[PDB]
Amino acid sequence: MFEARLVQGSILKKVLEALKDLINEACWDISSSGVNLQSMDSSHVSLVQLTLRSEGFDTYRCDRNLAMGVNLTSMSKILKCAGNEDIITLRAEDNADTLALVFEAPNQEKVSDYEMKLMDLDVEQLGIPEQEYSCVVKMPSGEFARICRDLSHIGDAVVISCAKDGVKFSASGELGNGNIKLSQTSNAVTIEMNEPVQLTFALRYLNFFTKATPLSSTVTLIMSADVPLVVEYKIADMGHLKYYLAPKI
Amino acid sequence: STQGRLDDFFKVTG
């Protein structure tokens, strides 16, 4: 049987709050090492890669390696029924068509048991050439979210450009045009440029990603010429949440 | 000008 117990249930709540809007269906890969997930939106414009190492769990067991197809909308709803300090436990049989979620209230007197149904899914194989670390940006996750929200009012897309003055985000609309410039001096925002890069992206998806903001204090942006953008959030020494995004033209 | 898809950059099969 599979059994994964997590003390900080907030993490799982936060995870699905991030995915549900970006992705509806997804397959959960389980192993002796931990929990992983990988799926692309219907438009294949974006890809998600989740990693949750077993060592992060208070109690972990996985006899047989699994691949659980799931409705993330249906699954996020169940996690609404969880509190931010409920110990969450996931449970399933070696041959599972259902997934069991158990929330333990900290009051030590309330225990919820939700059991959801799985779906048969067509998984995708990939496919990735490893990044040229042409331009990399470490900065507060909130600030990134703010930036994406601001320019979302201006236009439908953003132009990101690197230099050693720093990195720059630009949007344009019938209203006007706006440019936010970021410079390094800490320490905190950090810009490591090896080459000047310049690409365009859709703000819609960036605004989806930023709902993963609560997971990390910082966000990382790996950018390379004519290859998809990478947006990474670390998950408290438990793993990482990685967003891939395809540019335009 | 036109939104790209990851299949154009990554190798996708299923």
Side-chain angles (χ1 to χ4, degrees), chain A residues 22-23 25-27 29 38-49 67 69 120-132 134 155-160 172 198-206 208-209 222-231 242-249, chain B:
Chain A
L22 176 57
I23 287 162
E25 65 183 20
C27 192
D29 278 320
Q38 183 180 176
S39 192
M40 298 186 282
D41 63 86
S42 63
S43 58
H44 270 225
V45 168
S46 183
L47 166 70
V48 191
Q49 284 189 347
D120 279 304
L121 218 56
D122 187 330
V123 182
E124 290 235 299
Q125 304 269 338
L126 311 81
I128 311 160
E130 295 303 332
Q131 263 53 41
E132 311 78 349
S134 306
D156 61 275
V158 60
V159 173
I160 305 177
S172 179
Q198 193 148 312
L199 284 142
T200 305
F201 299 104
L203 278 156
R204 184 185 164 163
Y205 295 86
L206 292 173
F208 287 143
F209 302 175
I222 304 178
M223 191 182 189
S224 161
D226 198 22
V227 311
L229 161 69
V230 169
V231 189
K242 294 192 162 169
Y243 298 96
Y244 288 81
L245 179 53
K248 295 190 167 180
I249 309 161
Chain B
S1 167
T2 67
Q3 172 59 75
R5 303 187 194 276
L6 288 169
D7 302 33
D8 307 349
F9 302 90
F10 298 169
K11 216 91 201 297
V12 181
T13 57

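By convention in this document, chain letters (A, B, ...) are assigned in the order of the sequence lines, proteins followed by strands, and residues within each chain are numbered from 1. Side chains are part of it too, since the values below use all heavy atoms of this structure and drop only hydrogens, waters and symmetry mates.
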So does A:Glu124 have more than 12 non-hydrogen atoms from other groups sitting under 6.0 Å from CD?
yes
Between CZ on residue B:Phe9 and CG on residue A:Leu245, distance to nearest 0.5 Å
9.5 Å
Which atom pair, heavy atoms only, marks the closest approach of [X] to [Y]?
{"X": "A:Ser43", "Y": "B:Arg5", "result": "O-NH1, 2.8 Å"}
{"X": "A:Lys248", "Y": "B:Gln3", "result": "CG-CA, 3.9 Å"}
{"X": "B:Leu6", "Y": "A:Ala246", "result": "N-CB, 3.9 Å"}

Which portion of A:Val45 sits near chain B, non-hydrogen atoms under 4.5 angstrom
both
Are the side chain of A:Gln125 and the backbone N or O of B:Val12 linked by a donor-acceptor pair below 3.5 Å?
no
Most contacts with chain B, counted as non-hydrogen pairs under 4.5 angstrom, among A:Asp226, A:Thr200, A:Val123
A:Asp226
Could you check whether any side-chain heavy atom of B:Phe10 comes within less than 4.5 Å of a side-chain heavy atom of A:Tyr244, counting everything from C-beta outward?
yes
